[PDB]
Amino acid sequence: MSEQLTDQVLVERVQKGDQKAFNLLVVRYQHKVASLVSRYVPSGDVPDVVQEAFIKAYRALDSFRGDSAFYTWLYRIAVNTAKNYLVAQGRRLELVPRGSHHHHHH
């Protein structure tokens, strides 16, 4: 069986002010983006980057009028969040003298 609603109307409804439709939207992709983002962060940081990708997506979704599919537009939010997540902690800790906390991401 399948639902009568899709990312087409779920993205229109959240732009109408029904944030409750975004919660029902991200859960369809919460398994899909966690799979592709687990390739850019370890399984210990993958759930935190999926949430930041949905908090970052909703704020960018009010400006989405690309007349294109939502899944391609959402998948790029999750991989771009994983690449800024590791550089924001790998380039903010290398300022410590060597022999301690000298590890970084690349």
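Details of the structure are given in the entry above.
Residues numbered from 1 in each chain as written, not as in the entry; some residues may be left out. Heavy atoms only, no water.

A. Broad picture of the packing of aromatic side chains. Under the counting rule described, the total for this entry stands at six aromatic pairs. Both rings, one in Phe-22 and one in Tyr-58, keep their centres 4.8 Å apart while their planes meet at 45°; by these two values the pair is tilted. Here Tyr-58 lies in helix 3 (residues 46-61) and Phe-22 lies in helix 2 (residues 20-37), a separation of 36 residues in the sequence. Judged by relative accessible area, which is 29%, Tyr-58 ranks as partly exposed. Here the aromatic cluster, defined as three or more aromatic residues joined through ring pairs, consists of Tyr-29, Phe-64, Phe-70, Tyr-71, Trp-73 and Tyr-75. The side chain of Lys-32 reaches across the aromatic face of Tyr-29, ending 4.9 Å from its centre. (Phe/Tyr/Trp six-rings, centres within 6.5 Å; stacked < 30°, edge-to-face > 60°. Helix = DSSP H or I, 4+ residues; strand = E, 2+ residues; numbered from the N terminus. Buried < 20%, exposed > 50% of the residue type's maximum accessible area, 1.4 Å probe, protein only. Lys NZ or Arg CZ within 6 Å of the ring centre and 35° of its normal.)

B. Highlighting the side chain of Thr-81. Following the sequence through the fold, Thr-81 ends up in helix 4 (residues 70-90). Judged by its relative accessible area of 0%, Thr-81 is buried. One polar contact links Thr-81 to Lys-56, side chain to side chain, over a distance of 2.9 Å. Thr-81 has contacts with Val-49, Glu-52, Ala-53 and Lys-56, leaving out every residue within four places of it along the chain. (Polar contact = N/O pair within 3.5 Å; in protein donor to acceptor, adjacent residues only side chain to side chain. Contact = heavy atoms within 4.5 Å.)

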